[PDB]
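Participant: To kick things off, part of the complex as it is:
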Amino acid sequence: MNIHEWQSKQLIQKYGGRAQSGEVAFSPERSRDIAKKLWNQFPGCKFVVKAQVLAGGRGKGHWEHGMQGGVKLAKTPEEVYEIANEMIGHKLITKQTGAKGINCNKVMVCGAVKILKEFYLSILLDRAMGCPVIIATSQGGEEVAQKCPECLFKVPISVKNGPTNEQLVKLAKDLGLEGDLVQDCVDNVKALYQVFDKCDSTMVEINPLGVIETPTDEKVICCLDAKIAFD
């Protein structure tokens, strides 16, 4: 069992992580009002409408009625309305869903941000090693694991005491981070592990964990997607 993206990000934020949970909408009218109100804070910003379905590959999926993509960029609130109007109440078809598709009754409206880097990061219970493990890589490709095992970084975690600052500071630099982003990444991975541990999750997968710019061009770590499984 999994929980939706926006709920997963809210749980991450609750434990100190930085994640763009946006705001959930159950109608295109509401999605429009969300984008419209956001223009009070950052006028002229663009928007991203993300179908909230329990399935992966939304960006490269397509809707039964023709529209392409479960993650679509929008320039205005009215564009947000049109896009949301094609998602809410319709069936999306991705790789993970096959031809049966998956129904959608809600989307996530968020602001478009400038993305500098995209990382992968997951936390799971590794039976072979008998402990939790943090997997991460800087590649954009399981594909990257077979064509480049050097690209994957696996960090075994003390089943009792959890991660250490040394483990995380190294994982941050192993991914190419320096300056203030090192501690920022450390703090975020700490929060993600607390989610995994304290919520008895079977997997916490951030695909992508990104380096983004703030409206004033400050570089920060932020979860741009999130999947958390249970039971």
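Facilitator: Everything's here; your move. Numbering: from 1, shown residues only, chains lettered A, B, ... in the order given.
Participant: ok, residue A:214 touching residue A:220?
Facilitator: Yes - look at residue A:214 against residue A:220 with Cβ atoms under 8 Å: they come within range, at 6.2 Å. C-beta here means a position set from N, CA and C on the backbone, and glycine is covered the same way.
Participant: neighbour-wise, which of these two wins?
Facilitator: Higher neighbour count among residue A:214 and residue A:220: residue A:220, with 16 against 11, using other Cβ atoms under 10 Å.
Participant: three-state assignment of residue A:228?
Facilitator: Under DSSP: H, G, I helix; E, B strand; the rest coil, residue A:228 falls in the strand class.
Participant: Wait, it touches residue A:195, no?
Facilitator: Yes - the pair residue A:228 and residue A:195 qualifies as a contact (Cβ under 8 Å) at a distance of 6.8 Å.
Participant: quick one: common contacting residues for those two?
Facilitator: Here residue A:228 and residue A:195 share the contacting residues A:11, A:201, A:204, scored by Cβ atoms under 8 Å, 6 or more residues apart in numbering.
Participant: coming back round to it: residue A:228 and residue A:195: who's more crowded?
Facilitator: In this view residue A:228 and residue A:195 are compared by other Cβ under 10 Å, and residue A:228 has more residues nearby, 25 against 21.
Participant: Contacts only, for that one.
Facilitator: Applying Cβ under 8 Å, 6+ apart, the residues near residue A:228 are A:2-3, A:8, A:11, A:195, A:199, A:201, A:203-205.
Participant: Without its sequence neighbours, what residue ends up closest to it?
Facilitator: Excluding the flanking residues, the one nearest residue A:228 by Cβ to Cβ, 6 or more residues apart in numbering is residue A:8, at 4.5 Å.
Participant: Reformat the shared contacts of residue A:228 and residue A:195 as JSON lines; add secondary structure.
Facilitator: Below are the shared contacts of residue A:228 and residue A:195 laid out as JSON lines (three-state DSSP):
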{"residue": "A:11", "secondary structure": "helix"}
{"residue": "A:201", "secondary structure": "coil"}
{"residue": "A:204", "secondary structure": "strand"}
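Participant: If you count neighbours, what's buried in the longest helix seen in chain A?
Facilitator: Looking across chain A with DSSP state H, the single longest helix is helix A:180-198. By 16 or more other Cβ atoms under 10 Å, the buried positions in helix A:180-198 come out as A:181-182, A:184-186, A:188-197.
Participant: Check stretch A:216-231 too.
Facilitator: Neighbour counts using 16+ other Cβ under 10 Å place A:219-228 of stretch A:216-231 among the buried residues.
Participant: ditto for stretch A:83-100
Facilitator: In terms of neighbour count (16+ other Cβ under 10 Å), stretch A:83-100 has its buried residues at A:83-88, A:90, A:92-94, A:97.
Participant: Quick check: the two most widely separated of the residues you listed?
Facilitator: A:85 and A:97 (20.9 Å; Cβ to Cβ).
Participant: before we move on, back to that, now for the longest helix of chain A, which elements pack on it?
Facilitator: Other elements packing on helix A:180-198 under the criterion 3 or more Cβ pairs under 8 Å, 6 or more residues apart in numbering; DSSP states H and E are helix A:5-14, strand A:115-126, strand A:131-137, helix A:165-174, strand A:203-213, strand A:219-223.
Participant: Chain B comes next; put it on the structure above:
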Amino acid sequence: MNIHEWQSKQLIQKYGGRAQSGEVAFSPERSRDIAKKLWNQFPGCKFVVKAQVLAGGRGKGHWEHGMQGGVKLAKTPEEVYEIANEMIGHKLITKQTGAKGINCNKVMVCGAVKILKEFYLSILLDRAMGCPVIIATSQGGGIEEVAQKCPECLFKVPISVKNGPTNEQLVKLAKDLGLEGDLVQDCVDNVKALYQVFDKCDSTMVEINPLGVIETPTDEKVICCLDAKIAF
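Facilitator: Chain B, in position alongside the others:
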């Protein structure tokens, strides 16, 4: 009579203008909640807390208890709380207020944006001409100050009360201020809206100080009202 900044900006937005109306808060704890929720949309963004008082010179004013400035930048929601806690329910002192100061019971919480240029633009009822006029300049200097030290810097545009501003009048004023590319048409559309506010609301003055060119979170350049004053 004038109306507060955020009310003026909401009116501009209603008529098609772009203005950072932010969101008003009537308590410090609400100001924090607004900033915190904004981190759901643009995580890591900074914030600006702007005292909502019927007086000018907030940026260089000071509060009866020590804090400096009616428009202060904040890095986190908790900083927004601390700042708002000193503004809401306290007295601000600026040039226009003297030593008696003015009371503040609400603030505007906005996201911090990158400002590239700041213009002045006003629309006032000219009695010698018997029609409205648009005054604007790109200089950073008081407005009457720049007028006396450089009257060539100021651009005056009489407006036909029957046809409103013309596309020709506005395209020139935009380029006279140094705008090119998409900002020209953008500025035209915004000044049109500003006149509709002035005309349809029977205003005595619509003053945008500053009318700015800002970056969006994705670095697109757009015209935006960063302040607003509307009299009656």
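Participant: Could you re-examine the buried residues of stretch A:216-231 with chain B now present?
Facilitator: Neighbour-count burial for stretch A:216-231 flags A:216, A:219-228 (criterion: 16 or more other Cβ atoms under 10 Å in any protein chain shown).
Participant: can you list these in TSV and add distance to residue A:154?
Facilitator: Output for the buried residues of stretch A:216-231, formatted as TSV (distance: Cβ to Cβ, whole Å):
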residue	distance to residue A:154
A:216	36
A:219	26
A:220	25
A:221	20
A:222	23
A:223	20
A:224	22
A:225	21
A:226	20
A:227	19
A:228	20
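Participant: Within reach of chain B, which of these are there?
Facilitator: Contacts with chain B within the buried residues of stretch A:216-231, counted by Cβ under 8 Å from any Cβ of the partner chain: A:216, A:220, A:222.
Participant: hmm, back to that, pick out whichever of the buried residues of stretch A:216-231 sits closest to chain B.
Facilitator: Nearest to chain B among these: residue A:220, at 3.8 Å, using Cβ to the nearest Cβ.
Participant: element containing the most far-flung residue of chain A relative to its centre?
Facilitator: In chain A, counting by Cα atoms, centre = their mean, residue A:160 sits farthest out from the average C-alpha position, at 27.5 Å. If you go by DSSP states H and E, residue A:160 is not part of any helix or strand.
Participant: What of residue A:49?
Facilitator: strand A:47-51.
Participant: then that strand to PDB, C-alphas only?
Facilitator: C-alpha atoms of strand A:47-51 as PDB (Å, rounded to 0.1, in the frame of the first residue of the first chain):
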ATOM      1  CA  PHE A  47       2.400  26.200 -12.600                       C
ATOM      2  CA  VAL A  48       2.600  22.500 -12.700                       C
ATOM      3  CA  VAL A  49      -0.400  20.200 -12.500                       C
ATOM      4  CA  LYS A  50       0.400  16.700 -11.300                       C
ATOM      5  CA  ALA A  51      -2.200  14.000 -11.300                       C
END
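Participant: neighbouring contacts of the helix or strand just after that strand?
Facilitator: Toward the C-terminal end, the helix or strand that comes next after strand A:47-51 (DSSP H and E) is strand A:62-63. Residues from elsewhere that reach strand A:62-63 (Cβ atoms under 8 Å, 6 or more residues apart in numbering or on different chains): A:68-70, A:86-87, A:90-93.
Participant: Among those, which one lies nearest to residue A:124?
Facilitator: Nearest to residue A:124 among the contacts of strand A:62-63, with distances taken as Cβ to Cβ, is residue A:70, at 24.5 Å.
Participant: Could you check how far the residue found closest to the closest one once you drop the neighbours it is linked to in the chain is from chain B?
Facilitator: Of all residues not flanking residue A:70 in the chain, residue A:58 sits nearest, at 3.0 Å (Cβ to Cβ, 6 or more residues apart in numbering or on different chains). Taking Cβ to the nearest Cβ, to the nearest Å as the measure, residue A:58 falls 19 Å from chain B.
Participant: Test my guess that residue A:58 contacts residue A:96.
Facilitator: No - assessed by Cβ under 8 Å, residue A:58 is found out of contact with residue A:96, at 9.3 Å.
Participant: just to revisit the earlier point, wait, what's in contact with the residue nearest to residue A:70?
Facilitator: Residue A:58 neighbours (Cβ under 8 Å, 6+ apart): A:50-51, A:69-71, A:92, A:94.
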